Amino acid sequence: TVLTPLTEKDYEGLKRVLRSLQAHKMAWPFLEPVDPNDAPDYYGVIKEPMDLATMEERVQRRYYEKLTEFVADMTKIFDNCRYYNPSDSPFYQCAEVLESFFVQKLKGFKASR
C-alpha cells in the first residue's frame, strides 16, 4: 500500500507536495527549525524536532524509501507543534490548518501514483 518503494517519478510528486506546503500562508512557523531563542526550553521538550527545510533536504537526498516515512516526518511537525503549544495558541491553529491541507495534497499524490 503506502509501504511500496518510492520511484523517481514518485519523488517528483513528493517535491510538488512539499513546495505546496512551503507556499501555504500558514506554513511560516514550520519552514525552518525552531530557533531556541524564540523558545528556550523547546529542545528539552521535543526530542525529535522536524521542519520543512529538513524534509526538503531529505527529499533532495532521496532519504525516503517508502511514502510512510515521508508522512511520518510530516506528522512529526504537526505533532510536535500541538504538544509544545497550547490549544489556543496561533501556532496550534497553524498546525490544524496545514495538516488538513497536507492531507488534501497527499490524497492527490496517492491518486496520481
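Residue indices: 1-based, along the sequence shown. In this text, the rigid core denotes the largest set of C-alpha atoms whose superposition between the two forms falls within 1.5 Å.
- Comparing the two stretches 34-42 and 49-57 by root mean square C-alpha distance in 9 other deposited structures of this protein, with all structures fitted on the core, the more displaced one is 34-42.
- 49-57 and 83-91 differ in mean CA B-factor, and the higher of the two is recorded for 83-91.
- Mean C-alpha B-factor is higher over 1-9 than over the other stretch, the pair under comparison being 1-9 and 102-110.
- Sorting the modelled residues of the chain by their CA temperature factor places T68 in the middle third.
- Residue-level temperature factors show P29 in the middle third of its chain, judged at the C-alpha atom.
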